[PDB]
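Single-structure report; data block below.
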Amino acid sequence: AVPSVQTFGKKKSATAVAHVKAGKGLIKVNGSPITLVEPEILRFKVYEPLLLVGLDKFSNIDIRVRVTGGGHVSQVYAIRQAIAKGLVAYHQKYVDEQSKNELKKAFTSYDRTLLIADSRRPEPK
Amino acid sequence: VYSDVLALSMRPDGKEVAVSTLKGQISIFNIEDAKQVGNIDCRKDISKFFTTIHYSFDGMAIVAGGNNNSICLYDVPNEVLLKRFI
Amino acid sequence: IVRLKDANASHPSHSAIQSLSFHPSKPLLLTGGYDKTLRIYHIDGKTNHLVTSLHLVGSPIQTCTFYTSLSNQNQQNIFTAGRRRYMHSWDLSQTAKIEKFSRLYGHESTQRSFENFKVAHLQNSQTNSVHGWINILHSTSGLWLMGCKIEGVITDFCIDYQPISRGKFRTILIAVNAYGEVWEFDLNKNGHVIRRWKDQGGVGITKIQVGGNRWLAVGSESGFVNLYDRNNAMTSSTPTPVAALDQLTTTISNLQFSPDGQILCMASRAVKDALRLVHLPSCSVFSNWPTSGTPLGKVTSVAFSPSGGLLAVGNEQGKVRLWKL
Amino acid sequence: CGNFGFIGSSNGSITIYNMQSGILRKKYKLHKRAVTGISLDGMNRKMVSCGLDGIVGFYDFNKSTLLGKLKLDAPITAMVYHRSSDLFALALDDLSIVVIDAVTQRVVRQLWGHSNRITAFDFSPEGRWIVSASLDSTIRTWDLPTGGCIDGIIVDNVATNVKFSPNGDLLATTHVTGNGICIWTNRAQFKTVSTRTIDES
């Protein structure tokens, strides 16, 4: 058995369950790496989890996700939530806490709701 | 993001607000909901409690209380001031 | 320069050397080995033949120190010490009767054993350090004459010490090992301090010789050699070298002075074929010899003669080699 | 907090490790000689160090930035740090005691009178006293609001270790002879005393 954690990432209707397992750093979307995505301009928004805490961070793990539902904007917003949540879930269980506190501080300071999904509940005032 | 909250704490300036999480983590944030700190769970076996919290009047500290027979001390930065065990 | 004939005396195993010393009037090499072997063989650079050896049953050996150089007993008696709480007399008159030197009162069983002792000049004084104050007693009467209360708080059975070239009556040093602190003490009055001053134990827990004083050179564990005059010890307490040099890439495990105090010798025991000679006051390195192109080994002990021309170099393989210099 | 260990080698590197996982976390190299004492504030912010090349290193614990450095006249053998006042005293080779305020990054105090090397020194828990143990059989109480020696204890078995208790009650002294540990009592029921130095030999 390998060290592995699994989480999820949710947009309005998009569902993306992550599989953060050990390895050498493969990061794939349903069969495919990141640099092929098309939207192709929203590639930089899912580039962001590589970037806000330092690039390297991945030589001991492997990433595989899959998406069911949503739209092309909604699908990319689903996974990039799940990457940052899936990253710290490994630091939740194997790595020490204070490293993860340094990760979430780098995350929350720039946070575009990377750690929380959108829910809309209206009310008249 | 997480955490059904029992214990809430406010600044008397209307800017800083601390929340006790659904565990021993203690997170604080601004009025622009940007999380400053989240404090590690409660130790001290004689399971987690976050029952009471207070923002100090000088504005430079907070005091945290659960029910595991001590009390915890913190400042506006990340760190623990003291931990006094009964 | 004359390359002498290679030595032939060797341990059956690879073993260390207790002490290297010389006969003051004749070329003779005294050798103490760890298997209770007290041998001495004649040297000329051509001779290595055994004069005599001593193996006393019921008594092992732990340390070796050449008995005093000038009262009248340089050429007759040698006092050697083992793991037991007495030491031995060896008589070249060869009589070789055992004189049980267990005759210290109430403080005999306080050390490890007789492992480190320094006889003074005229044998009316003998100095012994503990982990630690110093006993001073006669080598021929057996009575505890006196003992100076060298207090110490980091004294660790300090490794080597020496009544200086300006006479033991002038002053007498204490190299407080593991930090190398220096305590000058007067023999003419027991209980009065000459002066104390800092010598660096940040670099150098290595053994040190007393020059003459004229030069007081100290070695580090880093190939970094320092030149400290005797009058650099006056206030302020920190010394400053007039020349501080790097000649070894690795540790300096040996130091020797010439009898005129103008030639320094240094060697190591970590990497084979490494030994260096230093001139004074010219601060010159002897470049014709020694180099790494001569067989040197991991050198444990080294000694100059009372003439200082010859030079004995013991390895960890059992070969002790002399050179005229 | 019990999370990180700080080691200083004989070459000069100081690494920060994690006590939970035993991992290499951080490494520093500024000293070119052996590191003789490492400390950190209780706030885990500023990390201090002292080396045999006279170097006093001031680091940020959050970053890896060199915050400051001070050069002294003598190399430093030991570092003892008072956490709740952020002061640290230093035994130097010039027989003086350099107490340092860390927030100022400034040498503030220096003590003189010890004729021989000091091996053991520690802070009073209220930060007012430093009793030191030197090779000249001097075990001296040092008062910080006056900067002078107020007491000297002359013994026959010199203490290798003087250690202030966390409560203000006892003292742990290990000696040259004797395998046991002499414990010394501050009376602490009263005092207004300020009397002075050298006495009986």
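Residue numbering for chain A follows Swiss-Prot, covering 3-127 in order.
Cβ atoms are placed via backbone N, Cα and C, with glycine included.
For the residues A:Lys23, A:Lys47, Swiss-Prot attaches the annotation ubiquitin cross-link to A:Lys47, which does not rule out the feature elsewhere. Ranking the modified residues A:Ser34, A:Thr70 by how many other Cβ atoms lie within 10 angstroms of each Cβ puts A:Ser34 at the bottom. Rounded to a whole number, the C-alpha distance linking A:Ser34 (phosphoserine) with A:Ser61 (phosphoserine) is 19 angstrom.
The Cβ of A:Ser61 (phosphoserine) lies under 8 Å from the Cβ of A:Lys26, A:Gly27, each of these being in the same chain and 6 or more residues away along the sequence.
Separation of the C-alpha atoms of A:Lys30 (ubiquitin cross-link) and A:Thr70 (phosphothreonine): 15 Å, rounded to the nearest whole number. The recorded positions shown are A:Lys59, A:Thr70, A:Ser76; of these, the one with its CA atom nearest the CA of A:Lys47 (ubiquitin cross-link) is A:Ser76.
A:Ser76 (phosphoserine) carries a helical DSSP state (H, G or I). Within 10 Å of the C-beta of A:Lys47 (ubiquitin cross-link) there are 15 other C-beta atoms, taking all protein chains into account. Under the three-state DSSP scheme, A:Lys59 (ubiquitin cross-link) falls in the coil class.
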